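A short write-up of the structure that comes next.
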Amino acid sequence: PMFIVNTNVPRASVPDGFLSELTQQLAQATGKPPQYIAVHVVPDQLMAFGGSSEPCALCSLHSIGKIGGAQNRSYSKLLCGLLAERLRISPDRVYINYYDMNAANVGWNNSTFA
Amino acid sequence: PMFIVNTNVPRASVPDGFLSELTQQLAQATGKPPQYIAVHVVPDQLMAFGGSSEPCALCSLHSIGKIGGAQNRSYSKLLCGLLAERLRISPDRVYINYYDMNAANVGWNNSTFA
Amino acid sequence: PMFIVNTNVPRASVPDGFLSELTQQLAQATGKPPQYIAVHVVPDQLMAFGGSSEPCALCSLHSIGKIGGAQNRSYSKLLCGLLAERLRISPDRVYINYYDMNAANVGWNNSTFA
Ligand SMILES: CCc1cc(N2CCCC2)cc2c1N=c1c(C)cc(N3CCCC3)cc1=[SH]2
């Protein structure tokens with residue numbers, strides 16, 4: 001699976017270890033070896049929630065299988081704690097981006113992902 | 001990949017109050033509270049269209065409801081209209097992609113969204 | 001989501017004609033005019049895969065119709081080779097992200113593509 005974190009928080013206020021933690025947490029969450037875990041990070045973004053200078057956190061996860069609307073709460077419940085502890089941002093301003101497209105267009109190495 | 005708005009136009013071309021009217025008009029059209037929506041735009045990048053390295057724009061219109069031929073057409077004029085007056089970008093140089101979400105797939109506080 | 005391309009390769013290691021040769025090949029490969037294919041690039045991104053901080057990269061695109069496993073593979077094969085022999089990247093973990101859409105969901109030139 002692949003996870004990317006987008007936030008308005010400057011790199012200066014961004015600590016270290018979030019990469020490793022996310023890799024291990026996600027691996028045991030999705031049920032896949034850390035070898036298949038892709039982590040993308042990009043701080044200092046020009047985003048504003050509610051039309052104000054309110055801190056926002058965009059979390060996008062891309063994985064095939066083991067997905068559900070009801071399960072989404074439990075999945076995010078394990079992620080909100082991390083962001084609320086590290087960045088201290090409230091889950092209220094967190095939007096989880098996902099996909100449910102057929103695995104027919106989901107491949108790896110010389111192929112395309114969905 | 002995740003949702004994000006990018007453009008080759010420098011940040012210096014962005015006037016003050018742009019984020020205000022942008023969200024105001026967006027909320028007014030969508031009919032949804034501005035407190036539930038967020039504005040994200042990363043300028044000063046590199047893009048081209050048809051060989052021409054002229055200023056271009058790409059934007060994702062993720063929402064829930066109000067989808068229709070006429071409705072979508074109205075949003076196109078609203079977006080390109082304001083963009084052409086604030087950022088001075090040609091309507092033929094901006095691409096808008098509409099994305100609808102499930103009613104049970106509402107965001108805000110541990111929830112998945114497009 | 002959004003069809004954004006990401007790479008760990010910094011602007012200090014990029015070649016020339018990146019928004020020219022690529023689009024030209026992409027257009028010829030698909031059989032569509034390069035004038036109808038937008039091209040944007042986002043470098044200097046920090047990303048890791050499988051725990052390895054090696055220079056990873058993810059590509060994406062959008063097309064209406066003429067898509068599928070066979071079609072996508074016919075395009076990805078060309079992309080992987082071109083990218084490898086251009087940005088000096090390993091083709092072992094090269095993948096794209098082609099996505100489809102609806103004609104009425106495409107806003108262009110103050111109007112819809114519908
Ligand atoms: C789900 C797409 C797929 C996605 C992958 N990623 C990495 C993080 C971004 C999404 C990674 C893999 C993958 N699919 C396969 C498939 C399909 C087969 C594989 N092998 C290893 C040798 C045996 C066959 C290995 C992978 S790795």
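Ligands are numbered from 1 in the order shown, residues from 1 within each chain, and chains are lettered A, B, ... in the order they appear in the structure tokens.
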
Counting only C-alpha atoms and all ligand atoms, name the residues that have an atom within 12 Å of an atom of ligand 1; the answer should be given as JSON, numbers by chain. {"A": [1, 2, 3, 4, 23, 26, 27, 30, 32, 33, 34, 35, 36, 37, 38, 39, 40, 61, 62, 63, 64, 65, 101, 102, 103, 104, 105, 106, 107, 108, 109, 110, 111, 112, 113, 114], "B": [1], "C": [47, 48, 49, 50, 51, 52, 56, 57, 58, 59, 92, 93, 94, 95, 96, 97]}

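When chain B is laid over chain A and all C-alpha atoms are paired one by one, the RMSD comes to 2.8 Å.
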
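Backbone DSSP over chain C yields strand (DSSP E or B) at residues 6, 7, 38, 39, 40, 41, 46, 47, 48, 49, 52, 57, 58, 61, 62, 95, 96, 98, 99, 106, 107, 108, 111 and 112 of chain C.
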
Output the selection as a compact mmCIF listing (two decimals), in the first residue's frame - N, CA, C and O atoms for each residue.
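Done, and the output landed in part-v6.txt:
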# COMPACT_ATOMS: atom_id res chain seq x y z
N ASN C 6 4.87 12.31 -8.93
CA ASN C 6 5.84 12.60 -7.87
C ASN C 6 7.13 11.83 -8.09
O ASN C 6 7.12 10.73 -8.64
N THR C 7 8.24 12.42 -7.67
CA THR C 7 9.54 11.78 -7.81
C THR C 7 10.52 12.34 -6.77
O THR C 7 10.39 13.48 -6.33
N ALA C 38 -2.29 17.55 -21.13
CA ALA C 38 -1.59 18.46 -20.23
C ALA C 38 -0.41 17.74 -19.59
O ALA C 38 -0.46 16.53 -19.37
N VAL C 39 0.65 18.48 -19.29
CA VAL C 39 1.84 17.90 -18.68
C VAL C 39 2.38 18.76 -17.54
O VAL C 39 2.72 19.93 -17.74
N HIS C 40 2.45 18.17 -16.36
CA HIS C 40 2.95 18.86 -15.18
C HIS C 40 3.96 17.97 -14.47
O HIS C 40 3.88 16.74 -14.57
N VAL C 41 4.92 18.57 -13.77
CA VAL C 41 5.94 17.80 -13.06
C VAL C 41 6.18 18.33 -11.64
O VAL C 41 6.22 19.54 -11.42
N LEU C 46 10.19 13.97 -1.12
CA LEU C 46 10.76 12.95 -0.26
C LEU C 46 9.81 11.77 -0.15
O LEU C 46 8.67 11.92 0.32
N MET C 47 10.26 10.61 -0.59
CA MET C 47 9.43 9.41 -0.57
C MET C 47 10.27 8.15 -0.41
O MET C 47 11.36 8.04 -0.98
N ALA C 48 9.75 7.20 0.35
CA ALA C 48 10.44 5.94 0.58
C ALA C 48 9.50 4.77 0.27
O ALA C 48 8.28 4.92 0.30
N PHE C 49 10.08 3.62 -0.05
CA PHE C 49 9.29 2.44 -0.37
C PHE C 49 9.94 1.18 0.17
O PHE C 49 11.11 0.90 -0.11
N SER C 52 13.06 1.48 2.35
CA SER C 52 14.23 2.02 1.67
C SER C 52 14.00 3.47 1.26
O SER C 52 12.98 3.79 0.63
N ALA C 57 9.50 6.96 -7.30
CA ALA C 57 8.71 7.83 -8.16
C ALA C 57 7.38 7.20 -8.51
O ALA C 57 7.27 5.98 -8.61
N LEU C 58 6.37 8.03 -8.70
CA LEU C 58 5.04 7.56 -9.06
C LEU C 58 4.46 8.46 -10.15
O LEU C 58 4.47 9.68 -10.03
N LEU C 61 -1.93 9.55 -14.96
CA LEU C 61 -2.49 10.14 -16.17
C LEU C 61 -4.01 9.95 -16.19
O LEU C 61 -4.56 9.25 -15.33
N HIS C 62 -4.67 10.58 -17.15
CA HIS C 62 -6.12 10.47 -17.29
C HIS C 62 -6.51 10.39 -18.76
O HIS C 62 -5.96 11.10 -19.60
N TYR C 95 6.09 2.23 -11.96
CA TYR C 95 4.66 2.03 -12.17
C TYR C 95 3.96 3.35 -12.45
O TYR C 95 4.41 4.41 -12.02
N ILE C 96 2.87 3.27 -13.20
CA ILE C 96 2.09 4.45 -13.54
C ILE C 96 0.75 4.37 -12.83
O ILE C 96 0.52 3.45 -12.05
N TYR C 98 -2.92 5.18 -14.39
CA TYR C 98 -3.90 5.64 -15.36
C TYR C 98 -5.30 5.57 -14.76
O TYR C 98 -5.65 4.59 -14.09
N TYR C 99 -6.09 6.60 -14.98
CA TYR C 99 -7.44 6.65 -14.45
C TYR C 99 -8.41 7.18 -15.50
O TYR C 99 -8.04 8.00 -16.35
N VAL C 106 -15.87 16.71 -16.88
CA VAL C 106 -14.72 17.45 -17.38
C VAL C 106 -15.09 18.88 -17.73
O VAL C 106 -15.87 19.12 -18.65
N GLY C 107 -14.53 19.81 -16.98
CA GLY C 107 -14.79 21.22 -17.22
C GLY C 107 -13.62 21.87 -17.93
O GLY C 107 -12.49 21.83 -17.44
N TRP C 108 -13.88 22.45 -19.09
CA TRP C 108 -12.83 23.09 -19.87
C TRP C 108 -13.41 24.22 -20.72
O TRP C 108 -14.48 24.07 -21.32
N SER C 111 -16.88 25.69 -20.00
CA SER C 111 -17.97 24.78 -20.31
C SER C 111 -17.56 23.35 -19.98
O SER C 111 -16.45 23.11 -19.53
N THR C 112 -18.47 22.41 -20.19
CA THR C 112 -18.18 21.01 -19.92
C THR C 112 -17.83 20.27 -21.22
O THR C 112 -18.22 20.69 -22.31
